[PDB]
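Below is one structure, written out as structure tokens; comments come after it.
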Ligand SMILES: [Mg+2]
Ligand SMILES: [Mg+2]
Ligand SMILES: [Mg+2]
Ligand SMILES: [Mg+2]
């Protein structure tokens with residue numbers, strides 16, 4: 002009888018998933034409808050809808066479930082992050098990449114993902130903020159389907181960078198990452214020992230001299252390159268560089284990056 | 003374009019062969035696929051469906067009820083008195099489901115759900131008896158596991174022996190009828206007890222109700238009448254049948270009235286026809 | 003603290019004997035000061051108050067109506083049939099305002115508003131006649158006056177048709193030839209105390225009151241005297262009224278009700294703001 | 003033929019110069035007369051106006067705030083990040099009320115309420131500094160009278179710090195005593211000491227001040245004609268410096284400041300502005 006979630010919202014991207022909407026809904030809705038006696042299901046129609054729905058329902062609902070890929074999850078992130086009241090968020094993975102779902106240990110089988118939600122295991126998750134843009138997975142320069163990070167990793177120029185991190189300063194670089202999530206491009210993060218709930222972000226720079234070392238590092242796929256953890260980060264380049272992040276964005280250097288500890292609460296899989 | 007921007011589905015979890023998860027697998031996905039704004043509320047107690055209808059009537063364009071006669075009756079009593087009444091649809095989740103049958107709704111719950119997505123809607127008359135609303139019927143003289162009140166009565170009418178008589182005064186559209194009776198029905202719906210109405214030529218959307226009385230003396234005549242399955246007006250002393258819009262029914266002593274579901278209604282009764290008071294999802298392939 | 007977390011004020015803009023702005027200057031500020039969640043809706047057409055009551059019944063803890071007998075009746079018909087019925091209060095905005103007077107509400111609208119902020123609440127009986135609810139009265143034989162049905166009747170009674181009536185009340189019967197048949201719930205009729213004696217709106221019972229065909233002159237003198245003490254008069258909970266031919270019934274506002282009638286009482290069906298000083 | 007089917011009035015009960023009842027007698031009746039669907043919510047705590055704006059943004063067409071600079075700032079921070087942002091109006095209930103003055107709103111609260119009923123609306127720019135939004139200003143080197164009001168009252172009787183300002187692909191490095199980025203046309207209850215600032219021109223005004233004495237004389241002899256206009260600004264200091272803005276905030280350098288052109292629509296007074 003003792004649920005955490007009196008009212009639930011399921012946001013459905015109809016274009017998400019393998020094919021039939023009906024088939025996808027046959028897999029994900031019945032378990033949710035059985036478990037949650039007040040369930041509201043809204044389809045998105047256009048880019049931005051998920052963001053709008055999150056903003057409208059944030060104060061009316063206790064759990065928001067998003068069925069969609071990285072892009073839809075990012076819309077939800079941007080929708081809830083700036084709000085004072087932020088209900089618990091859950092992901093049913095409906096893209097091909099689904100990075101943050103994997104960080105939470107969510108099964109890629111959508112029926113199982115739905116079933117998981119009904120178990121109501123919830124944990125705090127850190128949300129990053131770069132010049133007012135929020136992100137869950139990563140921030141990166143030098144990355145530029160499978161997605162931006164996925165394509166970069168499947169197929170893996178110099179510029180100077182000045183990074184100010186928690187009172188300390190840091192060269193000529195090829196790749197600069199700030200990681201929050203534990204998976205990137207559908208596989209465990211190539212940035213070592215990243216945690217999404219440890220109150221800190223992981224800076225990761227591949228140097229000018231380290232191009233070959235980095236190629237081998239990604240291949241061997243066993244991690245433990253300049254790498255440091257930090258809460259408050261400022262990243263500067265010689266000229267304005269376009270930044271890549273969880274989804275479509277207009278962000279560019281220079282950047283103040285800041286970590287919001289436990290900003291979201293999210294459904295996760297404690298078995299994994 | 004859809005007629006229904008926002009939809010509410012009220013689920014009685016006890017409804018159906020009972021298995022919630024299985025039932026929801028059958029009914030929800032087609033609805034969720036068709037209707038991009040769908041709200042699903044489970045009832046917990048008697049009266050919840052009525053409350054939900056009353057809270058959502060002004061917020062929603064379609065209300066779907068998954069339940070048996072009792073839950074449908076709760077919805078009837080919820081929406082009927084309101085000024086704004088969205089369209090109502092039934093997924094039949096009991097064993098009887100009289101009004102669903104009147105609307106030609108398939109008893110296969112998946113197919114009932116699919117029907118709703120076709121959005122065929124018609125006006126339906128709602129009767130009002132002393133402020134109680136009903137869709138199927140009003141009756142006196144109907145009174157171990159239940160086919161429903163009317164269904165059980167029809168199954169045992171043949172082998173039930175000594176029925177009690179009572180006097181009745183019926184005022185119908187400025188005419189009066191007074192006699193000793195065993196059964197008095199006022200029918201709105203076209204099915205009673207799971208089969209076509211024994212009251213002849215009843216229509217739920219013709220702007221009028223059907224009065225149907227068996228005299229104290231007409232027990233045998235009525236048994237034969239049902240067996241004959243010839244639902245027409247026998248020019249029969251024992252059976253009185255007339256159509257009327259505005260009806261008042263009086264008995265010597267207060268008698269408990271039977272209707273679509275659980276109710277506290279009793280005689281005397283003002284019964285009133287509200288023409289096209291509801292709009293409801295129906296099956297034009299059958300009705 | 004407060005009984006009322008959320009409040010709705012329904013304003014009939016045509017109500018009051020002064021413009022909208024002046025009326026709102028008198029009634030809104032005290033309410034806004036007292037109630038930190040206040041929603042104000044103006045009616046535009048007949049029926050709106052009914053609709054607003056039905057939409058907000060489940061969202062709000064108090065509903066205040068600023069209007070005359072007609073607007074109050076729209077609220078009565080809006081809330082009465084619902085399962086959830088918040089507390090109702092009246093700011094008197096007509097000329098008659100019968101039920102506001104029953105509750106002891108001052109006719110000064112600023113004072114009526116102030117009263118609501120004191121949050122004195124009592125159960126009130128609501129009558130039900132063939133599914134029509136009423137707060138004040140039900141009557142037959144009441145046949157450009159803005160004084161209201163009863164008010165106009167009382168003003169012109171000085172200078176009628178008889179009809180037979182059969183009244184069944186709580187297992188007793190009364191038949192006779194009559195000129196006026198009233199069933200009273202409220203304590204004021206036509207802007208003055210009820211001519212039916214000792215009527216109470218919260219005593220769990222209704223007052224039947226019949227003026228016989230022989231008592232026309234006696235009744236005219238009785239009204240002139242304005243004595244209003246204990252014509253056939255009895256209290257009853259469950260009443261059935263029959264006439265020879267269908268007669269049109271008069272009640273709180275516009276209605277299509279007619280005899281024969283089952284009249285029934287719903288004890289404490291509403292809770293309402295009242296004035297315990299009066 | 004109204005622009006506003008549904009209206010929300012957010013009241014700070016502590017706002018205004020006398021009793022709440024008196025204040026409500028002045029502001030509510032004109033609004034209630036003009037707007038047939040009016041919802042009035044009192045704040046109880048810091049943050050409530052922000053929460054109310056966020057809850058009602060999608061339910062309402064106009065949000066009126068009765069309060070000072072701090073309450074207005076709560077509304078700014080409430081609406082600015084949202085996708086759907088109804089029109090905002092100010093009834094000035096503090097002593098400073100800078101942005102209300104930018105919009106030409108009379109300081110007489112009854113007249114401010116009446117203005118709203120005329121429904122004159124214009125786009126207004128909102129600035130964004132590291133995800134904090136502001137309407138009036140951003141600054142380093144600044158009872159109270161408010162941050163700017165107190166600063167101006169005590170300026171008669176300071177520290178220097180290095181600053182790097184990147185503005186629309188140009189750079190400015192120097193040692194400074196005061197750095198302002200202005201959006202609003204009034205600061206500290208009087209016209210902006212930053213010259214020719216406009217809240218709706220699509221651009222922000224950078225204003226930096230060796231110039232301690234020159235600045236003291238400038239404020240005294242209020243002539244008002253390093254100062255430049257820019258849309259996209261980055262401000263860096265040697266060490267993290269606390270930033271001052273419209274109300275209470277945790278903002279600090281370094282800062283990306285961005286202008287969002289016509290981000291809000293707001294009730295204004297075309298007889299004055
Ligand atoms: Mg981490
Ligand atoms: Mg019919
Ligand atoms: Mg009484
Ligand atoms: Mg400007």
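Protein chains in written order, with the deposited numbering: chain H, 2 to 145, 159 to 170, 177 to 190, 192 to 245, 252 to 299; chain A, 3 to 145, 157 to 300; chain J, 3 to 145, 157 to 172, 176 to 246, 252 to 299; chain F, 3 to 144, 158 to 172, 176 to 227, 230 to 245, 253 to 300.
Using N, Cα and C, we set each Cβ at its ideal position, and we do this for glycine too.
A Cβ-Cβ contact shorter than 8 Å links residue 43 of chain F with residue 54 of chain F. When rounded, the separation of the alpha-carbon atoms in residue 15 of chain F and residue 77 of chain F is 16 Å. Residue 128 of chain J sits in a strand when the DSSP states are folded into three classes.
The beta carbon of residue 178 of chain H sits closer than 8 Å to the beta carbons of 193, 194, 195 and 229 from its chain, once the five residues preceding and following it are set aside; these are given in chain order. The beta-carbon distance between residue 199 of chain H and residue 222 of chain H, rounded to whole angstroms, is 5 Å. This is short enough to meet the 8 Å contact definition. When Cβ-Cβ separations below 8 Å define contact, residue 288 of chain J makes no contact with chain A.
For residue 282 of chain A, the enclosing beta strand (DSSP E) stretches over residues 282 to 294.
Within the DSSP secondary-structure output, residue 39 of chain F pairs in a beta bridge with J:43. Residue environment for residue 189 of chain F: exposed (fewer than 16 other C-beta atoms within 10 angstroms of its C-beta). If you compare the alpha carbons of H:119, H:97 and H:183 with that of residue 294 of chain H, the shortest gap goes to H:119.
DSSP places residue 254 of chain H in the strand class (E or B) of the three-state scheme. In the three-state reduction of the DSSP assignment, residue 178 of chain H falls in the coil class, being assigned neither a helical nor a strand state. Note that the segment 87 to 96 of chain A touches the segment 11 to 25 of chain A; at least 3 beta-carbon pairs, one per stretch, sit closer than 8 Å. Nearest in C-alpha terms to residue 264 of chain J, of all of J:180, J:65 and J:107, is J:180.
Taking a Cβ-Cβ cut-off of 8 Å, residue 66 of chain H has no neighbours in chain A, whose nearest Cβ is about 13 Å from it. Within its own chain, the residues whose Cβ lies closer than 7 Å to the Cβ of residue 186 of chain H, once the five positions on either side in sequence are excluded, are 257, 258 and 259, listed in chain order. For residue 223 of chain H, the Cβ falls inside the 7 Å cut-off from some heavy atom of ligand 1. For residue 15 of chain J, the secondary structure class from DSSP, reduced to helix, strand or coil, is coil.
Spatial neighbours of residue 124 of chain H in its own chain (CB-CB distance under 6 Å, excluding positions within 5 residues in sequence) are listed in chain order as 295. Residues of chain H with a Cβ closer than 8 Å to the Cβ of residue 27 of chain A are, in chain order, 27 and 31. CA-CA distance, residue 12 of chain H to residue 286 of chain A, rounds to 43 Å.
Among the residues of chain H, those whose CB is under 7 Å from the CB of residue 35 of chain A are 22, 23 and 26, following chain order. Contacts with chain H at 8 Å (Cβ-Cβ) do not include residue 72 of chain F. By the C-beta density criterion, residue 130 of chain A is buried, having at least 16 other C-beta atoms within 10 angstroms.
Placement of the Cβ of residue 217 of chain A at a distance of less than 7 Å from at least one heavy atom of ligand 2 is found. Judged by their CB atoms, residue 8 of chain J and residue 74 of chain J are not nearer to each other than the 8 Å cut-off.
For residue 86 of chain F, the residues of chain H that pass the 9 Å Cβ criterion are 53, 56 and 57, in the order they occur in the chain. In its chain, beyond the 5 residues on either side, 18, 25, 28, 29, 68, 93, 94 and 95 have a beta carbon closer than 8 Å to the beta carbon of residue 111 of chain A. Taking C-alpha positions only, residue 159 of chain A is separated from residue 165 of chain A by approximately 7 Å.
At least one heavy atom of ligand 3 lies less than 7 Å from the C-beta of residue 127 of chain J.
Contact note: residue 42 of chain J reaches chain F through 34 and 40, using a C-beta cutoff of 7 Å and chain order.
Residue-level contact check: residue 133 of chain H touches chain F, since one or more beta carbons of chain F fall below 8 Å from its beta carbon.
Ranking A:170, A:107 and A:212 by CA distance to the CA of residue 253 of chain A puts A:212 first. A check of alpha carbon separations from residue 100 of chain A across A:35, A:84, A:217 and A:144 identifies A:217 as the nearest. About 7 Å separates the CB atoms of residue 84 of chain H and residue 56 of chain H; that is less than 8 Å, so the two are in contact.
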